[PDB]
Amino acid sequence: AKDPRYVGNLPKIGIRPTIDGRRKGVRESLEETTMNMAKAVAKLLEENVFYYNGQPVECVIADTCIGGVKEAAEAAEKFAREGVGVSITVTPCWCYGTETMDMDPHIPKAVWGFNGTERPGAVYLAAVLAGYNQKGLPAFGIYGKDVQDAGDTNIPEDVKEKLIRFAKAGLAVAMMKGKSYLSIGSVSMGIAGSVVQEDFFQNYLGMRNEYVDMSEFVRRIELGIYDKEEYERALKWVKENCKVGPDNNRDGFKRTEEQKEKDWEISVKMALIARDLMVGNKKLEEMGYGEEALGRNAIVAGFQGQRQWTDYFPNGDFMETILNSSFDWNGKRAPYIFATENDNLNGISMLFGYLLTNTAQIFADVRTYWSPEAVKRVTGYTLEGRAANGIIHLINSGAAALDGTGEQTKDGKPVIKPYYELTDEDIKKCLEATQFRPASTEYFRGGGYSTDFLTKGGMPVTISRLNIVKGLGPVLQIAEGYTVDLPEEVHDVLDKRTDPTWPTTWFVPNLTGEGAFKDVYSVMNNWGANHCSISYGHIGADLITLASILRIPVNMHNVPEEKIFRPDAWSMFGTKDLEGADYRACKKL
Amino acid sequence: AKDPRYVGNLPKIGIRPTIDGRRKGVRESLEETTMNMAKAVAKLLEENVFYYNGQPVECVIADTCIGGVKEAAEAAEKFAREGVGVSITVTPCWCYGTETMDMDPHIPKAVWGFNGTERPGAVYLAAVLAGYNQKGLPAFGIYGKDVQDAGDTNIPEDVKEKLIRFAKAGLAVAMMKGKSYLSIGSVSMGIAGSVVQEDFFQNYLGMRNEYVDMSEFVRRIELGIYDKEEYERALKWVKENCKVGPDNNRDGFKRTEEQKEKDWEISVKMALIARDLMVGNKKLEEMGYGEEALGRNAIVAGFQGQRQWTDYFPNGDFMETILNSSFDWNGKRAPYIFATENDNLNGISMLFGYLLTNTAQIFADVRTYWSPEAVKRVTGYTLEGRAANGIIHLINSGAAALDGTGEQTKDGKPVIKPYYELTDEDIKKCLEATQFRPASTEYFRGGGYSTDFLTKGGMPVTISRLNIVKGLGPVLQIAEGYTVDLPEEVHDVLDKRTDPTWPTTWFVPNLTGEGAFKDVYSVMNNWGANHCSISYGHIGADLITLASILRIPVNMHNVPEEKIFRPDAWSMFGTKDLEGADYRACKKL
Amino acid sequence: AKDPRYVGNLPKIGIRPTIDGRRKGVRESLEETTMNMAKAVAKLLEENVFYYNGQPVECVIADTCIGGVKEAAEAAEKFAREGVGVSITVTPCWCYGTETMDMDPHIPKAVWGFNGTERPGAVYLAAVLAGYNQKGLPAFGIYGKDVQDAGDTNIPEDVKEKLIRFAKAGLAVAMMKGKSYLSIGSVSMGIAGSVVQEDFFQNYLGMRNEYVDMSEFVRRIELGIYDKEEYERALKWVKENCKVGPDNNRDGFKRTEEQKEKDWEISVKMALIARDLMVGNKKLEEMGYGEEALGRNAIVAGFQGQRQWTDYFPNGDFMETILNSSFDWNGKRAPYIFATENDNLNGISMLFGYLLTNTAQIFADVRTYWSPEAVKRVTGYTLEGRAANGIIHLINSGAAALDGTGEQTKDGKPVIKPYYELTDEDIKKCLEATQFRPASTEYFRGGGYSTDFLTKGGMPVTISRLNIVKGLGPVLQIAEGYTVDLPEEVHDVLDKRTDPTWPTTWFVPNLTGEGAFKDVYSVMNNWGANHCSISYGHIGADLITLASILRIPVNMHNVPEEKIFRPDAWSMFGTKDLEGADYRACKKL
Ligand SMILES: [Mn+2]
Ligand SMILES: [Mn+2]
Ligand SMILES: [Mn+2]
Ligand SMILES: [Mn+2]
Ligand SMILES: [Mn+2]
Ligand SMILES: [Mn+2]
């Protein structure tokens with residue numbers, strides 16, 4: 001399938017049916033069963049893994065079973081021509097290891113060996129994995145716990161989970177290759193994550209780095225380099241659906257009625273310009289701006305904003321809010337991963353979660369750790385339930401996807417859904433639960449509008465953050481948990497003394513009693529940056545698998561160890577201490 | 001303050017109050033609060049951290065709050081000009097990360113972010129730490145667990161503990177820079193730690209290595225190159241305060257009355273010469289020995305002794321005992337860290353504890369592990385209380401600070417206090433509990449006097465040892481515990497069959513039931529050398545912090561995990577296995 | 001002396017007079033001669049090395065001769081308090097190597113041993129250098145070729161050259177530490193050198209990295225955040241001294257009279273804003289812009305310009321031209337090193353040359369290699385003299401210091417002089433030889449004015465370029481040579497078919513017949529970037545010494561090998577192939 005926004009086609013998954021090369025009876029008796037395995041996996045993935053636009057992932061099966069190097073080469077050739085970016089080998093029998101291996105170092109790969117007795121399928125799995133480990137080509141091993149009878153095409157639940165987790169992680173990795181990260185502006189207020197380290201994007205993600213000074217926005221606004229007809233529709237949509245909340249600026253800092261109207265007009269134009277920069281716009285070509293019409297083929301981007309832009313122009317809160325949302329004046333759509341303060345590392349943190357879920361991601365500041373003692377002192381209220389041991393205030397500096405309201409619903413529960421599953425009611429409620437507040441001029445002299453909402457509680461979420469550390473390189477931290485509800489009056493008190501015009505999410509991380517998860521305080525004390533990305537659901541296991549494919553160690557996570565799924569080679573670096581083995585594997589491999 | 005013994009001034013602690021650069025609002029409303037925060041830290045440190053001579057540590061505060069690079073540069077300039085060797089950044093608000101950072105890679109640094117709600121102080125803390133981690137400049141992060149109201153001048157207990165631990169560790173590290181280790185003699189009886197590895201002193205401690213052959217003592221004794229007036233006073237003092245115990249040498253090995261008198265005279269001259277070599281002596285100038293008067297500016301030194309010196313001259317027991325003590329014929333004073341058998345690694349182990357506590361350190365041999373079974377077999381006594389699981393006999397080859405008697409008392413408990421807190425009674429009791437015994441001529445042919453005492457039990461102590469391992473470099477081991485009392489009859493039996501003319505300390509390490517602390521046997525079986533250093537108190541956490549500043553991994557320690565305080569970067573190398581992360585961080589950073 | 005533009009004081013040079021520690025006659029007889037050596041060096045440097053503002057460098061001599069570690073520590077202490085950033089040890093006798101060494105790893109250091117016979121001065125030089133080499137502390141060795149009689153205070157010419165070369169290089173290195181590189185804008189048109197690699201600035205130069213989006217210029221222009229009184233004086237000065245040349249834009253691309261006037265006004269404001277950003281401006285504080293008044297303490301900066309800024313606003317040609325010049329509407333002054341296209345690596349290339357000469361540096365594109373064959377075909381003229389083997393066209397995209405005209409004169413020859421040596425005539429002639437041309441709108445849509453001049457021929461110059469290569473890090477290339485004159489009609493033809501509105505310098509590199517200097521073509525074919533920096537004079541030897549102090553290998557240079565002066569340690573890595581030894585030394589040390 002053609003990628004609807006970026007150059008090229010969406011990555012496909014190649015299935016390699018390996019077989020015993022011996023004829024005279026052996027191979028002849030196994031071709032049908034082997035191909036059936038390949039077809040079963042293709043069916044499973046097509047029903048469980050989808051591209052960001054909702055289309056089911058597409059699979060490519062080798063033209064013949066693979067019993068030797070000639071057929072292995074043929075599969076490699078077909079996969080290269082078909083645009084395969086992930087490979088899965090399947091077999092119910094013994095096959096000749098190195099002769100049948102996928103030797104492409106640039107493709108995530110897994111091997112599923114049927115747990116049958118008639119033929120040495122597990123023997124092949126273990127044999128070929130030894131080969132992948134010996135040759136330095138990381139590969140995932142999938143072995144079902146229960147013996148299945150010959151010919152059984154039903155895929156066991158444990159096998160299904162691994163195939164799907166591998167496929168999603170593999171697809172996410174394949175998705176980033178060749179795409180750009182667009183840096184709009186430069187470093188924002190000395191934030192480390194806004195410094196662009198090209199080596200990371202190039203060598204770990206296979207991405208390109210593009211740059212554009214914020215003065216580009218001045219030019220496009222002044223010369224009207226954007227779809228004027230869309231602009232008018234957008235402004236109208238905003239006036240009808242975006243409710244303006246109270247102005248907290250005290251008289252001396254309040255902007256005039258005229259300024260506030262201009263703040264909206266420019267805020268909308270900023271949204272159009274940012275999107276046009278990321279994916280281009282044919283309309284610009286028709287207007288006589290052919291170069292600008294091309295776009296920067298960016299699957300993720302960031303906007304510096306403070307201090308230079310915001311000291312004079314409306315801030316990027318609205319732009320950053322709307323782009324990351326799953327809808328706007330043009331209807332429901334996939335989000336455009338966009339980082340506040342040009343924090344490219346948070347942008348990538350968001351991108352990882354997005355590519356694994358197809359859901360909008362929430363950019364946030366790890367603002368305050370509220371202990372039970374502190375909440376009791378300040379409000380007189382004793383935290384209860386999930387919040388009993390403390391909570392963490394997640395709140396970005398004025399911008400957050402409207403999906404963050406938690407108003408979208410599934411089975412009577414709060415969630416964030418892929419845009420293609422949204423109902424008109426879901427969207428309507430997200431908007432109703434949001435208030436747009438005139439920006440605090442003491443911080444944002446140029447005005448603008450911040451996003452004010454409160455995430456509904458009880459929603460499972462995962463916060464994560466990618467950091468780059470000297471002497472180590474990229475490193476990922478993860479914290480699965482839940483959003484919580486506080487009594488209205490309690491929230492109001494904690495909220496008012498912090499930043500009531502910004503978006504709030506009350507978070508409680510799952511505790512393990514060990515490491516950085518002994519208590520809630522420790523989770524925040526061990527967070528390596530001032531920002532994090534929030535995704536709906538518990539995607540820690542998926543992030544761990546994705547990280548291992550990228551050779552990015554995970555310094556902190558609260559995912560049950562039984563759910564850790566990494567390439568087989570990792571176990572060769574240690575089975576007692578998985579964390580240490582992870583660092584050793586990422587460094588050597 | 002001027003260092004009373006070494007070149008230059010004592011290290012100062014610089015306080016950097018960082019602030020939001022935005023004026024016409026934010027900055028003006030935070031100027032007083034931020035500067036007051038800095039002043040509060042200075043006050044706290046001045047009341048809890050003291051130089052080795054008892055003077056309160058001196059702090060330097062930036063002339064203005066730091067909101068950008070210009071002010072950061074001005075703070076760096078002022079700090080360099082005023083002799084700052086440790087820095088602490090403080091703030092209650094958001095500040096511009098890299099623009100406000102302390103970029104001096106040569107000084108220990110910490111950042112304390114106020115846990116307040118009104119401004120993003122914790123956001124700055126995490127943001128700047130991400131910067132320190134990204135740039136490879138280790139920095140400690142201090143974040144209080146309970147939200148405090150704006151302007152709260154009171155520093156919470158958890159924050160206080162971190163500020164003080166960091167300050168003490170940083171000051172100790174700063175104290176060593178530029179000072180010398182003086183090797184008197186060469187390798188002693190093939191002891192690995194008596195081999196001097198200049199790279200360690202130079203690159204890890206910033207120290208210089210000086211050398212002087214023991215023949216220097218022959219020249220100074222023969223030519224009278226020492227303060228003769230002091231010598232006469234010292235001899236008189238020894239005769240009046242140093243009690244001579246029974247001679248255990250049997251006929252043939254017993255020295256004459258004349259020899260024993262000369263042994264005392266030479267032993268005292270040795271003490272004077274050793275001290276003169278370490279810090280110089282202005283008196284030598286008028287005597288016509290100007291070069292010798294200078295000294296070697298050594299904050300630590302060692303004396304080979306066996307086998308060359310002791311095969312003919314009185315041993316170094318008295319010299320090694322007196323220098324390390326907190327008092328002598330000239331009154332109470334700071335110890336002169338001096339290593340027996342020129343074991344420079346034990347000398348540094350002692351120096352670490354000394355610089356962190358200002359208390360005399362005990363040099364000791366890890367002589368015998370006494371299991372409950374062994375004690376029962378040999379004495380018929382069943383070890384009780386803290387000693388119930390076994391004890392370790394710590395006893396140097398004849399020398400130990402008189403402070404080791406444990407006669408010094410505070411609140412009715414045995415301790416070792418900084419010399420400036422000593423009472424006349426403390427000193428008298430230390431001397432009364434000590435007996436000087438004629439050295440065993442089978443070992444020490446030249447005679448001398450060994451120190452015989454028994455450390456009082458119930459005193460919290462910490463033993464430690466620095467080792468240098470090929471392929472790793474320096475590595476530190478720590479064991480907190482207590483001294484114990486044994487029934488007199490039991491002690492006598494164990495003592496008589498070991499070395500009753502030497503100083504005894506019965507030690508029991510705290511057990512954790514894990515690692516090398518599963519049992520008392522394991523603690524000794526895992527000790528990496530024949531020597532260790534004993535400090536009063538449980539200073540393991542302090543030592544761990546100091547080790548991390550020095551990038552020296554800790555291979556073994558029984559400090560509760562919750563008390564481990566290392567630079568923020570360490571967590572980036574692992575949160576589940578702190579030991580592994582420590583090795584990874586020390587090597588890469 | 002106080003640095004007139006940056007925080008702190010200008011670096012001082014410390015002189016360490018080492019001596020034999022032996023009294024009884026030796027030391028007593030040498031103190032006078034040893035101190036006399038120290039004084040002689042101080043005098044020599046004060047008369048030959050000057051700070052960028054023309055003030056003579058300041059030296060600090062140790063309070064006593066250094067015969068041991070105590071005195072060495074005293075010198076280190078005095079130097080630290082006096083602001084010493086470069087050290088030179090001097091002695092006419094034998095001294096105790098490691099006991100007298102300068103152990104500061106962060107200070108460039110040299111040792112001058114008197115070539116006398118009475119005392120082993122050369123023995124000390126060789127002995128201590130062996131120590132510096134063994135300890136990994138690079139130090140330069142200075143030994144005169146001719147034996148001098150005892151007490152001779154005259155410094156031989158060969159010794160003088162090394163002392164001065166070391167001092168200038170050392171001072172240049174000391175000058176950069178603690179200063180900022182200010183990035184104005186982001187990457188310019190995918191130019192590699194405009195990507196900022198913080199690790200380079202931090203670890204090699206000890207510099208800070210500051211960032212500001214070009215939108216800052218929009219704000220300051222719109223809100224009048226600059227000295228309006230100076231602005232008026234500047235505009236008047238421009239109208240009176242900057243002659244406007246012909247407009248080459250063809251009708252359809254010509255800007256109106258009104259636009260051209262605005263182009264001048266904005267171009268001038270850009271100059272003021274850029275300078276204010278680099279060093280601050282007290283006037284801004286008086287105007288109510290206290291934060292902006294501070295500046296970014298930048299000793300070098302860059303402006304992205306194309307494509308974002310220039311697509312709408314007047315280009316940075318005038319700003320980049322005037323800042324780099326040695327004069328403007330406020331009179332003669334030190335240049336402000338400013339990089340076109342935010343090429344920070346060319347900015348540093350320029351900074352190296354500037355700090356070694358105090359003269360304005362020329363930013364240029366290595367545009368065209370003109371072979372004799374090509375010139376003959378295109379013009380019918382046969383290149384003569386120095387140009388006989390071909391020439392290289394150096395011409396930046398519209399900006400160049402007016403000093404580049406070569407109109408400044410000394411002894412009837414064309415030169416570029418430090419601003420403090422300029423005569424009114426020199427300045428007047430630089431302006432008269434320059435024409436400001438309306439910018440080519442096909443490239444610069446926002447207009448502006450390019451600098452059009454022709455560098456006078458016969459001037460000795462050195463072009464250089466710093467590049468950062470993956471797997472190597474920073475690497476420097478140098479090409480000494482001369483500017484040449486072409487017959488007027490010949491220049492006109494080559495010029496008109498290239499870019500006649502930009503500044504031209506015709507360059508001929510000195511050839512060696514080997515390496516990258518076998519012919520003129522090879523010099524350009526081996527240039528590692530599209531830009532270079534031009535400095536008056538043959539400063540290749542100075543750049544080589546500076547590079548070795550910074551541990552930056554020199555991949556290409558045409559400096560006679562007899563003039564190569566690097567730390568003594570370099571010879572330990574090879575004496576046959578100096579280039580290979582350079583790479584080996586820079587990597588290991
Ligand atoms: Mn933020
Ligand atoms: Mn709200
Ligand atoms: Mn011993
Ligand atoms: Mn005893
Ligand atoms: Mn150019
Ligand atoms: Mn011209």
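Just the heavy atoms: all of them, side chains too, but no hydrogens, waters or symmetry mates, feed the values below. Counting convention: from 1, in listed order, for ligands and their atoms alike. Naming: A, B, ... by sequence-line order, numbering from 1 per chain.
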**Q** With rounding to the nearest 0.5 angstrom, report the CD to CG distance, B:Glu320 to B:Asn396.
**A**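 So the gap between those two atoms works out to 7.0 Å.
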
**Q** Measuring centre to centre across the rings, with the benzene-like ring taken for any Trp, is A:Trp370 within less than 6.0 Å of A:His393?
**A**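 No, the ring centres sit 6.0 Å or more apart.
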
**Q** If the cut-off is 2.8 Å, does any N/O/S atom of A:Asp495 fall short of it from the Mn ion (ligand 2)?
**A**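 Under 2.8 Å: A:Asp495 has no N, O or S contact with the Mn ion (ligand 2).
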
**Q** Nearest to the Mn ion (ligand 5), which N, O or S atom of C:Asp365 do we find?
**A**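 Result: OD1.
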
**Q** Quick check for you: with the Mn ion (ligand 5) as the vertex, what angle do OE1 of C:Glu341 and NE2 of C:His531 span, to 10°?
**A**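 C:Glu341 OE1 and C:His531 NE2 form an angle of 80° at the Mn ion (ligand 5).
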
**Q** Verify whether one side chain among B:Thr483 and B:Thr505 offers a donor that lies under 3.5 Å from an acceptor in the other.
**A**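 Per modelled atom types, B:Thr483 and B:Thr505 side chains form no pair under 3.5 Å.
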
**Q** Does a salt bridge link B:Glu118 with A:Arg367, judged by any charged N lying under 4.0 Å from a carboxylate O?
**A**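 Between A:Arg367 and B:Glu118 there is no salt bridge, as every charged N stays at least 4.0 Å from the carboxylate O atoms.
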
**Q** For the Mn ion (ligand 4), give me the closest N/O/S atom belonging to B:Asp452, just the atom name.
**A**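 In B:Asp452, the N, O or S atom with the shortest distance to the Mn ion (ligand 4) is OD1.
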
